[PDB]
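Structure file run15.txt (compact mmCIF, N, CA and C atoms and all ligand atoms) is printed below.
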# COMPACT_ATOMS: atom_id res chain seq x y z
N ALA A 25 77.47 74.72 310.48
CA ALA A 25 77.82 75.45 309.22
C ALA A 25 79.23 76.03 309.31
N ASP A 26 79.81 76.34 308.15
CA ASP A 26 81.14 76.92 308.05
C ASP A 26 80.99 78.42 307.75
N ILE A 27 81.06 79.24 308.80
CA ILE A 27 80.84 80.69 308.70
C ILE A 27 81.94 81.39 307.88
N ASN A 28 83.18 80.93 308.02
CA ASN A 28 84.29 81.48 307.25
C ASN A 28 84.10 81.25 305.76
N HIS A 29 83.64 80.06 305.39
CA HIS A 29 83.35 79.79 303.99
C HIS A 29 82.15 80.62 303.53
N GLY A 30 81.12 80.71 304.38
CA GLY A 30 79.94 81.54 304.10
C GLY A 30 80.33 82.99 303.81
N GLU A 31 81.29 83.52 304.57
CA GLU A 31 81.82 84.86 304.33
C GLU A 31 82.37 84.97 302.92
N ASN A 32 83.16 83.98 302.49
CA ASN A 32 83.70 83.97 301.12
C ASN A 32 82.63 83.83 300.03
N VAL A 33 81.64 82.97 300.26
CA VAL A 33 80.47 82.87 299.36
C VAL A 33 79.77 84.23 299.26
N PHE A 34 79.65 84.92 300.38
CA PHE A 34 79.03 86.25 300.39
C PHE A 34 79.81 87.26 299.53
N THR A 35 81.13 87.32 299.71
CA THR A 35 82.00 88.19 298.89
C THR A 35 81.82 87.91 297.40
N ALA A 36 81.84 86.63 297.05
CA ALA A 36 81.77 86.21 295.64
C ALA A 36 80.41 86.46 294.97
N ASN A 37 79.32 86.42 295.74
CA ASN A 37 77.96 86.37 295.17
C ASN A 37 76.97 87.43 295.62
N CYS A 38 77.20 88.04 296.78
CA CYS A 38 76.18 88.85 297.43
C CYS A 38 76.61 90.29 297.69
N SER A 39 77.91 90.51 297.81
CA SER A 39 78.42 91.83 298.19
C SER A 39 78.05 92.92 297.17
N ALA A 40 77.92 92.56 295.90
CA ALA A 40 77.52 93.53 294.87
C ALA A 40 76.25 94.28 295.26
N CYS A 41 75.29 93.58 295.86
CA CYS A 41 74.02 94.20 296.25
C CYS A 41 73.86 94.41 297.75
N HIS A 42 74.62 93.67 298.56
CA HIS A 42 74.36 93.64 300.00
C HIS A 42 75.58 93.99 300.88
N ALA A 43 76.62 94.59 300.31
CA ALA A 43 77.82 94.97 301.11
C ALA A 43 77.38 95.79 302.32
N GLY A 44 77.95 95.47 303.49
CA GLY A 44 77.60 96.16 304.73
C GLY A 44 76.23 95.83 305.30
N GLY A 45 75.55 94.84 304.72
CA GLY A 45 74.22 94.48 305.18
C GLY A 45 73.09 95.31 304.59
N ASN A 46 73.41 96.19 303.63
CA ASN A 46 72.40 97.03 303.03
C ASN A 46 71.80 96.36 301.80
N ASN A 47 71.00 97.09 301.03
CA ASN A 47 70.40 96.51 299.84
C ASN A 47 70.33 97.60 298.78
N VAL A 48 71.14 97.44 297.74
CA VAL A 48 71.27 98.47 296.70
C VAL A 48 70.01 98.69 295.86
N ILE A 49 69.22 97.64 295.65
CA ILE A 49 68.06 97.73 294.75
C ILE A 49 66.75 98.03 295.49
N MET A 50 66.60 97.46 296.69
CA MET A 50 65.44 97.72 297.54
C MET A 50 65.95 98.10 298.92
N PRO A 51 66.31 99.38 299.11
CA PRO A 51 67.03 99.81 300.32
C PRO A 51 66.40 99.41 301.66
N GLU A 52 65.07 99.30 301.73
CA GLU A 52 64.43 98.93 303.01
C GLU A 52 64.66 97.47 303.41
N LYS A 53 64.97 96.63 302.43
CA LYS A 53 65.08 95.20 302.68
C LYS A 53 66.53 94.84 303.00
N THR A 54 67.01 95.34 304.14
CA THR A 54 68.40 95.14 304.55
C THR A 54 68.60 93.74 305.14
N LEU A 55 69.85 93.45 305.48
CA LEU A 55 70.19 92.19 306.14
C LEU A 55 70.35 92.42 307.64
N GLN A 56 69.72 93.47 308.15
CA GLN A 56 69.71 93.73 309.60
C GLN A 56 68.53 93.01 310.26
N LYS A 57 68.63 92.74 311.57
CA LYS A 57 67.62 91.93 312.26
C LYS A 57 66.20 92.45 312.12
N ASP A 58 66.03 93.77 312.24
CA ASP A 58 64.69 94.37 312.16
C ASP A 58 64.01 94.13 310.81
N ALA A 59 64.75 94.37 309.73
CA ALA A 59 64.19 94.17 308.39
C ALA A 59 63.98 92.68 308.11
N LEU A 60 64.94 91.85 308.50
CA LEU A 60 64.78 90.41 308.29
C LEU A 60 63.52 89.91 308.98
N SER A 61 63.36 90.29 310.25
CA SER A 61 62.19 89.84 311.02
C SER A 61 60.87 90.30 310.42
N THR A 62 60.81 91.56 309.99
CA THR A 62 59.61 92.12 309.38
C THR A 62 59.21 91.30 308.15
N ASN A 63 60.21 90.79 307.44
CA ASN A 63 59.96 90.08 306.21
C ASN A 63 59.92 88.56 306.34
N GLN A 64 59.83 88.05 307.57
CA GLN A 64 59.88 86.59 307.82
C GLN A 64 61.14 85.96 307.22
N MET A 65 62.25 86.70 307.29
CA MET A 65 63.53 86.27 306.73
C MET A 65 64.60 86.02 307.80
N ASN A 66 64.23 86.17 309.07
CA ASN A 66 65.20 86.01 310.15
C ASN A 66 65.33 84.55 310.57
N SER A 67 65.77 83.72 309.62
CA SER A 67 65.98 82.28 309.86
C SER A 67 66.84 81.67 308.76
N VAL A 68 67.60 80.64 309.11
CA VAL A 68 68.42 79.96 308.12
C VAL A 68 67.55 79.39 306.99
N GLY A 69 66.41 78.80 307.35
CA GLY A 69 65.50 78.22 306.36
C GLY A 69 64.94 79.23 305.37
N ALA A 70 64.53 80.40 305.88
CA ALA A 70 64.00 81.42 304.99
C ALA A 70 65.08 81.97 304.09
N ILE A 71 66.28 82.16 304.64
CA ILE A 71 67.35 82.70 303.82
C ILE A 71 67.79 81.69 302.76
N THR A 72 67.91 80.42 303.15
CA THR A 72 68.30 79.37 302.20
C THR A 72 67.30 79.28 301.04
N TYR A 73 66.01 79.37 301.34
CA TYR A 73 64.97 79.31 300.31
C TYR A 73 65.11 80.45 299.30
N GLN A 74 65.29 81.67 299.82
CA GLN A 74 65.36 82.87 298.96
C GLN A 74 66.63 82.88 298.13
N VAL A 75 67.75 82.46 298.73
CA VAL A 75 69.01 82.35 297.99
C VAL A 75 68.88 81.32 296.88
N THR A 76 68.25 80.18 297.19
CA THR A 76 68.11 79.10 296.22
C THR A 76 67.21 79.49 295.05
N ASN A 77 66.07 80.10 295.38
CA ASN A 77 64.99 80.31 294.42
C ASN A 77 64.85 81.72 293.88
N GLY A 78 65.56 82.66 294.48
CA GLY A 78 65.36 84.07 294.16
C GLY A 78 64.07 84.62 294.75
N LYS A 79 63.90 85.94 294.65
CA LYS A 79 62.68 86.60 295.09
C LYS A 79 62.58 87.97 294.46
N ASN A 80 61.49 88.23 293.74
CA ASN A 80 61.29 89.52 293.08
C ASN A 80 62.55 89.89 292.28
N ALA A 81 63.17 91.05 292.53
CA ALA A 81 64.37 91.41 291.77
C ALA A 81 65.69 90.79 292.26
N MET A 82 65.64 89.97 293.31
CA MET A 82 66.83 89.21 293.69
C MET A 82 66.91 87.93 292.87
N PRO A 83 68.03 87.73 292.15
CA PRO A 83 68.15 86.50 291.33
C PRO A 83 68.29 85.24 292.17
N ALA A 84 68.11 84.09 291.51
CA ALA A 84 68.29 82.78 292.14
C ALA A 84 69.73 82.29 292.04
N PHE A 85 70.17 81.53 293.05
CA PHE A 85 71.53 81.02 293.15
C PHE A 85 71.61 79.48 293.21
N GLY A 86 70.46 78.81 293.15
CA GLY A 86 70.41 77.34 293.21
C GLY A 86 71.28 76.63 292.18
N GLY A 87 71.38 77.19 290.98
CA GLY A 87 72.22 76.59 289.95
C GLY A 87 73.71 76.89 290.06
N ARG A 88 74.04 77.91 290.86
CA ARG A 88 75.37 78.50 290.95
C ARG A 88 76.12 78.02 292.20
N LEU A 89 75.37 77.75 293.26
CA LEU A 89 75.94 77.44 294.57
C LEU A 89 75.45 76.07 295.03
N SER A 90 76.31 75.35 295.75
CA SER A 90 75.94 74.05 296.29
C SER A 90 75.03 74.24 297.50
N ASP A 91 74.33 73.19 297.92
CA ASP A 91 73.51 73.26 299.13
C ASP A 91 74.32 73.68 300.35
N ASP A 92 75.55 73.16 300.47
CA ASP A 92 76.44 73.52 301.57
C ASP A 92 76.82 75.00 301.51
N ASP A 93 77.17 75.48 300.31
CA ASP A 93 77.45 76.90 300.08
C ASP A 93 76.32 77.78 300.59
N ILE A 94 75.09 77.38 300.31
CA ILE A 94 73.92 78.18 300.64
C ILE A 94 73.65 78.15 302.14
N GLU A 95 73.76 76.96 302.75
CA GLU A 95 73.65 76.86 304.21
C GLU A 95 74.67 77.78 304.87
N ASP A 96 75.92 77.72 304.40
CA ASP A 96 77.01 78.52 304.96
C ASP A 96 76.79 80.02 304.80
N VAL A 97 76.37 80.45 303.61
CA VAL A 97 76.14 81.88 303.42
C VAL A 97 74.96 82.39 304.26
N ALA A 98 73.91 81.59 304.40
CA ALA A 98 72.76 81.94 305.24
C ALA A 98 73.19 82.09 306.69
N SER A 99 74.05 81.18 307.16
CA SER A 99 74.56 81.23 308.53
C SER A 99 75.45 82.45 308.76
N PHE A 100 76.28 82.77 307.77
CA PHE A 100 77.08 84.00 307.78
C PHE A 100 76.19 85.25 307.89
N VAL A 101 75.14 85.33 307.07
CA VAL A 101 74.22 86.47 307.11
C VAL A 101 73.65 86.67 308.52
N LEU A 102 73.19 85.59 309.14
CA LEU A 102 72.59 85.68 310.49
C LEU A 102 73.63 86.05 311.54
N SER A 103 74.84 85.52 311.40
CA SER A 103 75.95 85.88 312.28
C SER A 103 76.28 87.38 312.22
N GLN A 104 76.34 87.91 311.00
CA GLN A 104 76.60 89.34 310.82
C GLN A 104 75.44 90.18 311.33
N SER A 105 74.21 89.72 311.11
CA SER A 105 73.01 90.43 311.54
C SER A 105 73.05 90.60 313.06
N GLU A 106 73.54 89.58 313.75
CA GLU A 106 73.66 89.61 315.21
C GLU A 106 74.61 90.70 315.70
N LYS A 107 75.62 91.03 314.90
CA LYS A 107 76.59 92.08 315.21
C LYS A 107 76.30 93.39 314.47
N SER A 108 75.09 93.54 313.92
CA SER A 108 74.70 94.72 313.15
C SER A 108 75.64 95.04 311.98
N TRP A 109 76.28 94.00 311.43
CA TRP A 109 77.24 94.13 310.33
C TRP A 109 78.45 95.03 310.64
N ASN A 110 78.74 95.21 311.92
CA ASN A 110 79.92 95.97 312.34
C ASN A 110 81.21 95.19 312.12
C1 LIG A 201 74.21 86.10 297.96
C2 LIG A 201 74.02 84.77 297.65
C3 LIG A 201 72.92 86.80 298.50
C4 LIG A 201 72.38 86.65 299.72
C5 LIG A 201 72.90 85.74 300.86
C6 LIG A 201 71.18 87.46 299.81
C7 LIG A 201 70.35 87.57 300.90
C8 LIG A 201 69.17 88.28 300.95
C9 LIG A 201 68.25 88.31 302.07
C10 LIG A 201 68.50 87.51 303.37
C11 LIG A 201 67.22 89.11 301.75
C12 LIG A 201 65.97 89.49 302.60
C13 LIG A 201 66.18 90.89 303.19
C14 LIG A 201 64.98 91.45 303.88
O1 LIG A 201 65.14 92.38 304.72
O2 LIG A 201 63.83 91.02 303.59
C15 LIG A 201 67.49 89.61 300.41
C16 LIG A 201 66.67 90.42 299.68
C17 LIG A 201 66.96 91.00 298.47
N1 LIG A 201 68.16 90.89 297.78
FE1 LIG A 201 69.61 89.51 298.21
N2 LIG A 201 71.02 88.13 298.60
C18 LIG A 201 72.08 87.75 297.79
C19 LIG A 201 72.27 88.21 296.50
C20 LIG A 201 71.65 89.32 295.96
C21 LIG A 201 72.15 90.09 294.84
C22 LIG A 201 73.46 89.79 294.09
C23 LIG A 201 71.29 91.11 294.62
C24 LIG A 201 71.46 92.25 293.55
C25 LIG A 201 71.42 91.95 292.23
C26 LIG A 201 70.22 90.98 295.58
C27 LIG A 201 69.12 91.80 295.71
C28 LIG A 201 68.10 91.66 296.61
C29 LIG A 201 66.79 92.27 296.51
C30 LIG A 201 66.25 93.20 295.40
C31 LIG A 201 66.04 91.84 297.75
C32 LIG A 201 64.59 92.21 298.10
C33 LIG A 201 63.65 91.20 297.40
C34 LIG A 201 62.22 91.57 297.72
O3 LIG A 201 61.72 91.21 298.83
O4 LIG A 201 61.57 92.25 296.90
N3 LIG A 201 70.48 89.90 296.40
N4 LIG A 201 68.67 89.08 299.96
Please rewrite the model in this file as structure tokens.
Ligand code: HEM
Amino acid sequence: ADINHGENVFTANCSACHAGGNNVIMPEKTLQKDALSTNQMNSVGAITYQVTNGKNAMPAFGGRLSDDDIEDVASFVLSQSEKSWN
């Protein structure tokens, strides 16, 4: 995956709700390892699915982003999670 491009996809599409790895609408559902794991979201496959299809109050991005875009942003999320979004 292209993590640098994933970072840019994140700025363009995700930072509004998830800047710093937090979650503006559902604060407990962060992009940190503990919350991801609790929610069966600590994987590229789980993140790609949720980004593509949406979940609850998170909108879907399948029509907006290419498959490569989504793979890249999911990989970026996991990379940041590993560094606690520091
Ligand atoms: C940008 C494309 C984007 C990404 C990437 C993304 C990721 C993401 C993950 C990995 C989760 C799971 C977190 C967990 O701890 O379980 C998650 C969850 C929610 N998000 Fe998100 N998200 C992106 C975009 C956006 C945007 C622009 C918003 C705000 C409008 C948003 C909001 C939410 C909400 C709400 C959740 C929780 C859903 C639920 O389980 O009820 N996301 N996101």
Using only C-alpha atoms and all ligand atoms, which residues of the polymer chains come no farther than 7 Å from ligand LIG 201 (chain A)? I'd like the answer as a compact mmCIF listing (two decimals) with N, CA and C atoms, keeping the file's coordinate frame.
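The resulting file, pocket-v1.txt, is shown below:
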# COMPACT_ATOMS: atom_id res chain seq x y z
N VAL A 33 81.64 82.97 300.26
CA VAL A 33 80.47 82.87 299.36
C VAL A 33 79.77 84.23 299.26
N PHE A 34 79.65 84.92 300.38
CA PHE A 34 79.03 86.25 300.39
C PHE A 34 79.81 87.26 299.53
N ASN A 37 79.32 86.42 295.74
CA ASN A 37 77.96 86.37 295.17
C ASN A 37 76.97 87.43 295.62
N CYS A 38 77.20 88.04 296.78
CA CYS A 38 76.18 88.85 297.43
C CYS A 38 76.61 90.29 297.69
N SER A 39 77.91 90.51 297.81
CA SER A 39 78.42 91.83 298.19
C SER A 39 78.05 92.92 297.17
N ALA A 40 77.92 92.56 295.90
CA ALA A 40 77.52 93.53 294.87
C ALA A 40 76.25 94.28 295.26
N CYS A 41 75.29 93.58 295.86
CA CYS A 41 74.02 94.20 296.25
C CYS A 41 73.86 94.41 297.75
N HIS A 42 74.62 93.67 298.56
CA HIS A 42 74.36 93.64 300.00
C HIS A 42 75.58 93.99 300.88
N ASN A 47 71.00 97.09 301.03
CA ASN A 47 70.40 96.51 299.84
C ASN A 47 70.33 97.60 298.78
N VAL A 48 71.14 97.44 297.74
CA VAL A 48 71.27 98.47 296.70
C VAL A 48 70.01 98.69 295.86
N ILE A 49 69.22 97.64 295.65
CA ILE A 49 68.06 97.73 294.75
C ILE A 49 66.75 98.03 295.49
N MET A 50 66.60 97.46 296.69
CA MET A 50 65.44 97.72 297.54
C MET A 50 65.95 98.10 298.92
N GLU A 52 65.07 99.30 301.73
CA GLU A 52 64.43 98.93 303.01
C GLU A 52 64.66 97.47 303.41
N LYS A 53 64.97 96.63 302.43
CA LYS A 53 65.08 95.20 302.68
C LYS A 53 66.53 94.84 303.00
N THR A 54 67.01 95.34 304.14
CA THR A 54 68.40 95.14 304.55
C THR A 54 68.60 93.74 305.14
N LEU A 55 69.85 93.45 305.48
CA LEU A 55 70.19 92.19 306.14
C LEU A 55 70.35 92.42 307.64
N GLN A 56 69.72 93.47 308.15
CA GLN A 56 69.71 93.73 309.60
C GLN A 56 68.53 93.01 310.26
N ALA A 59 64.75 94.37 309.73
CA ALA A 59 64.19 94.17 308.39
C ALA A 59 63.98 92.68 308.11
N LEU A 60 64.94 91.85 308.50
CA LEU A 60 64.78 90.41 308.29
C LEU A 60 63.52 89.91 308.98
N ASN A 63 60.21 90.79 307.44
CA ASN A 63 59.96 90.08 306.21
C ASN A 63 59.92 88.56 306.34
N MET A 65 62.25 86.70 307.29
CA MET A 65 63.53 86.27 306.73
C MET A 65 64.60 86.02 307.80
N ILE A 71 66.28 82.16 304.64
CA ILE A 71 67.35 82.70 303.82
C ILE A 71 67.79 81.69 302.76
N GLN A 74 65.29 81.67 299.82
CA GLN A 74 65.36 82.87 298.96
C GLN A 74 66.63 82.88 298.13
N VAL A 75 67.75 82.46 298.73
CA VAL A 75 69.01 82.35 297.99
C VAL A 75 68.88 81.32 296.88
N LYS A 79 63.90 85.94 294.65
CA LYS A 79 62.68 86.60 295.09
C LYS A 79 62.58 87.97 294.46
N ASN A 80 61.49 88.23 293.74
CA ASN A 80 61.29 89.52 293.08
C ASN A 80 62.55 89.89 292.28
N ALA A 81 63.17 91.05 292.53
CA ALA A 81 64.37 91.41 291.77
C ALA A 81 65.69 90.79 292.26
N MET A 82 65.64 89.97 293.31
CA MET A 82 66.83 89.21 293.69
C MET A 82 66.91 87.93 292.87
N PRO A 83 68.03 87.73 292.15
CA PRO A 83 68.15 86.50 291.33
C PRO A 83 68.29 85.24 292.17
N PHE A 85 70.17 81.53 293.05
CA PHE A 85 71.53 81.02 293.15
C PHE A 85 71.61 79.48 293.21
N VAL A 97 76.37 80.45 303.61
CA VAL A 97 76.14 81.88 303.42
C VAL A 97 74.96 82.39 304.26
N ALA A 98 73.91 81.59 304.40
CA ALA A 98 72.76 81.94 305.24
C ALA A 98 73.19 82.09 306.69
N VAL A 101 75.14 85.33 307.07
CA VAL A 101 74.22 86.47 307.11
C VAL A 101 73.65 86.67 308.52
Exercise for review: Using atom CA of residue A:61 and atom CA of residue A:32 as the two end points, give the distance in Å to one decimal.
Suggested key: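 Calculated distance between atom CA of residue A:61 and atom CA of residue A:32 is 24.4 Å.
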Review point. Just how far from atom CA of residue A:86 is atom CA of residue A:105, in Å to one decimal?
Key: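 Atom CA of residue A:86 lies 22.7 Å from atom CA of residue A:105.
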Practice item. Compare A:35, A:108, A:76, A:64 by their minimum atom-to-atom distance to residue A:92, counting only C-alpha atoms, and give me the closest one. Key: A:76
Check your understanding: Using only N, CA and C atoms, can you list as a ChimeraX atom specification the residues within 7 Å of (76.5, 82.2, 304.7)?
Key -> /A:26-27,29-31,33-34,93-102
Exercise for review: Calculate how many Å separate atom CA of residue A:110 from atom CA of residue A:88, rounding to one decimal.
Suggested key: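 Atom CA of residue A:88 lies at a distance of 28.0 Å from atom CA of residue A:110.
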Reconstructed N, CA, C and O atoms for stretch 80-103 of chain A, given as an mmCIF file, keeping the file's coordinate frame:
data_model
loop_
_atom_site.group_PDB
_atom_site.id
_atom_site.type_symbol
_atom_site.label_atom_id
_atom_site.label_comp_id
_atom_site.auth_asym_id
_atom_site.auth_seq_id
_atom_site.Cartn_x
_atom_site.Cartn_y
_atom_site.Cartn_z
ATOM 1 N N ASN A 80 61.490 88.230 293.740
ATOM 2 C CA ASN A 80 61.290 89.520 293.080
ATOM 3 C C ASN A 80 62.550 89.890 292.280
ATOM 4 O O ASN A 80 62.964 89.103 291.426
ATOM 5 N N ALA A 81 63.170 91.050 292.530
ATOM 6 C CA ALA A 81 64.370 91.410 291.770
ATOM 7 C C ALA A 81 65.690 90.790 292.260
ATOM 8 O O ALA A 81 66.754 91.018 291.642
ATOM 9 N N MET A 82 65.640 89.970 293.310
ATOM 10 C CA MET A 82 66.830 89.210 293.690
ATOM 11 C C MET A 82 66.910 87.930 292.870
ATOM 12 O O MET A 82 65.951 87.147 292.846
ATOM 13 N N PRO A 83 68.030 87.730 292.150
ATOM 14 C CA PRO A 83 68.150 86.500 291.330
ATOM 15 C C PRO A 83 68.290 85.240 292.170
ATOM 16 O O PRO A 83 68.532 85.320 293.389
ATOM 17 N N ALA A 84 68.110 84.090 291.510
ATOM 18 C CA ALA A 84 68.290 82.780 292.140
ATOM 19 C C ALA A 84 69.730 82.290 292.040
ATOM 20 O O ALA A 84 70.431 82.593 291.065
ATOM 21 N N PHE A 85 70.170 81.530 293.050
ATOM 22 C CA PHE A 85 71.530 81.020 293.150
ATOM 23 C C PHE A 85 71.610 79.480 293.210
ATOM 24 O O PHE A 85 72.705 78.925 293.313
ATOM 25 N N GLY A 86 70.460 78.810 293.150
ATOM 26 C CA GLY A 86 70.410 77.340 293.210
ATOM 27 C C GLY A 86 71.280 76.630 292.180
ATOM 28 O O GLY A 86 71.888 75.593 292.475
ATOM 29 N N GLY A 87 71.380 77.190 290.980
ATOM 30 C CA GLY A 87 72.220 76.590 289.950
ATOM 31 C C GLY A 87 73.710 76.890 290.060
ATOM 32 O O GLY A 87 74.542 76.194 289.470
ATOM 33 N N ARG A 88 74.040 77.910 290.860
ATOM 34 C CA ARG A 88 75.370 78.500 290.950
ATOM 35 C C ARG A 88 76.120 78.020 292.200
ATOM 36 O O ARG A 88 77.357 77.952 292.206
ATOM 37 N N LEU A 89 75.370 77.750 293.260
ATOM 38 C CA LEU A 89 75.940 77.440 294.570
ATOM 39 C C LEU A 89 75.450 76.070 295.030
ATOM 40 O O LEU A 89 74.309 75.690 294.753
ATOM 41 N N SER A 90 76.310 75.350 295.750
ATOM 42 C CA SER A 90 75.940 74.050 296.290
ATOM 43 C C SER A 90 75.030 74.240 297.500
ATOM 44 O O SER A 90 74.964 75.333 298.062
ATOM 45 N N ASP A 91 74.330 73.190 297.920
ATOM 46 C CA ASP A 91 73.510 73.260 299.130
ATOM 47 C C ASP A 91 74.320 73.680 300.350
ATOM 48 O O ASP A 91 73.852 74.491 301.175
ATOM 49 N N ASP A 92 75.550 73.160 300.470
ATOM 50 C CA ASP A 92 76.440 73.520 301.570
ATOM 51 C C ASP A 92 76.820 75.000 301.510
ATOM 52 O O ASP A 92 76.797 75.692 302.525
ATOM 53 N N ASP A 93 77.170 75.480 300.310
ATOM 54 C CA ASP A 93 77.450 76.900 300.080
ATOM 55 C C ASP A 93 76.320 77.780 300.590
ATOM 56 O O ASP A 93 76.553 78.824 301.209
ATOM 57 N N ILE A 94 75.090 77.380 300.310
ATOM 58 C CA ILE A 94 73.920 78.180 300.640
ATOM 59 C C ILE A 94 73.650 78.150 302.140
ATOM 60 O O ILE A 94 73.365 79.182 302.744
ATOM 61 N N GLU A 95 73.760 76.960 302.750
ATOM 62 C CA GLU A 95 73.650 76.860 304.210
ATOM 63 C C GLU A 95 74.670 77.780 304.870
ATOM 64 O O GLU A 95 74.331 78.537 305.786
ATOM 65 N N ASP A 96 75.920 77.720 304.400
ATOM 66 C CA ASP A 96 77.010 78.520 304.960
ATOM 67 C C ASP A 96 76.790 80.020 304.800
ATOM 68 O O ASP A 96 77.001 80.782 305.755
ATOM 69 N N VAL A 97 76.370 80.450 303.610
ATOM 70 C CA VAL A 97 76.140 81.880 303.420
ATOM 71 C C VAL A 97 74.960 82.390 304.260
ATOM 72 O O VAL A 97 75.011 83.513 304.792
ATOM 73 N N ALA A 98 73.910 81.590 304.400
ATOM 74 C CA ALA A 98 72.760 81.940 305.240
ATOM 75 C C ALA A 98 73.190 82.090 306.690
ATOM 76 O O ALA A 98 72.750 83.017 307.380
ATOM 77 N N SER A 99 74.050 81.180 307.160
ATOM 78 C CA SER A 99 74.560 81.230 308.530
ATOM 79 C C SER A 99 75.450 82.450 308.760
ATOM 80 O O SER A 99 75.359 83.106 309.813
ATOM 81 N N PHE A 100 76.280 82.770 307.770
ATOM 82 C CA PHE A 100 77.080 84.000 307.780
ATOM 83 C C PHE A 100 76.190 85.250 307.890
ATOM 84 O O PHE A 100 76.467 86.145 308.692
ATOM 85 N N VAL A 101 75.140 85.330 307.070
ATOM 86 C CA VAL A 101 74.220 86.470 307.110
ATOM 87 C C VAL A 101 73.650 86.670 308.520
ATOM 88 O O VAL A 101 73.640 87.792 309.032
ATOM 89 N N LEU A 102 73.190 85.590 309.140
ATOM 90 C CA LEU A 102 72.590 85.680 310.490
ATOM 91 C C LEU A 102 73.630 86.050 311.540
ATOM 92 O O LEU A 102 73.335 86.838 312.455
ATOM 93 N N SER A 103 74.840 85.520 311.400
ATOM 94 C CA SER A 103 75.950 85.880 312.280
ATOM 95 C C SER A 103 76.280 87.380 312.220
ATOM 96 O O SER A 103 76.466 88.038 313.237
#
